[PDB]
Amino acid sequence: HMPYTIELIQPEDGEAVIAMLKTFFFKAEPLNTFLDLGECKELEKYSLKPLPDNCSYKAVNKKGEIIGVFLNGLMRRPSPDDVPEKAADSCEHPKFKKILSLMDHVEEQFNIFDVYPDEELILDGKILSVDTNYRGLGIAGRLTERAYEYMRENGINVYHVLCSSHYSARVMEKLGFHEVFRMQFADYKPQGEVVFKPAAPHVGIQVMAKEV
């Protein structure tokens, strides 16, 4: 029950975070749904990568249950010659590899520091999820406000969130973000042919940003 606390997520919390995301987050993602992604250990491992950056937050109720998370990573301004490690490289899951390959392609097509060339460090919002028993109560907004406190404490001015869902992008707009980059699924043809055709409201990847 409530009030809930908002706390820093520790690496120890990884199993509990994954359990929560399986019930409330992963199955709602449109690319996951389009591919009919089953149980996917690679997705779970990839989802936990931001935690050691020590800027991910959990909402925890009076029973000690995680009822919301906002997983965040830190993004440092790249040098022109830096090449990012391809996430899809060495992925063993063929369906999930297609998703990571698209993520790598977005990274090659758009650099957030082209929008913000004077910024040295940007906060990267990766996964925002709230328990379906506790939605409409402002938990997402308070998780986001906790990240604003991290940003103020550390001199970070820009919050970046990549969305694969039209509905996710609108949630971020309601939270005060704006779109800075779009790539339509209909235009993503890495080997000459379309790979993704999710349900109609989902037109493409939308990168959202907020100056805070």
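Note that residue numbering follows the sequence shown and begins at 1.
Comparing the deposited coordinates for 89 to 97 and 138 to 146, the stretch with the larger average C-alpha B-factor is 89 to 97. Look at the mean CA B-factor for 107 to 115 and for 122 to 130 in the entry; the higher one is 107 to 115. The PDB entry gives the largest Cα B-factor of the residues 36, 53, 29, 173 to 36. Among 205, 8, 208, 212, the highest C-alpha B-factor in the deposited entry belongs to 212. For residue 102, the recorded CA B-factor ranks within the middle third of the chain. Only modelled residues enter the ranking. Annotation for residue 185: CA B-factor lies in the middle third of the chain's modelled residues.
Ranked against the other modelled residues of its chain, the C-alpha B-factor of residue 60 as given in the entry falls in the lowest third. Residue 43 sits in the middle third of its chain by CA B factor, as recorded in the PDB entry.
Residue 194 sits in the highest third of its chain by CA B factor, as recorded in the PDB entry.
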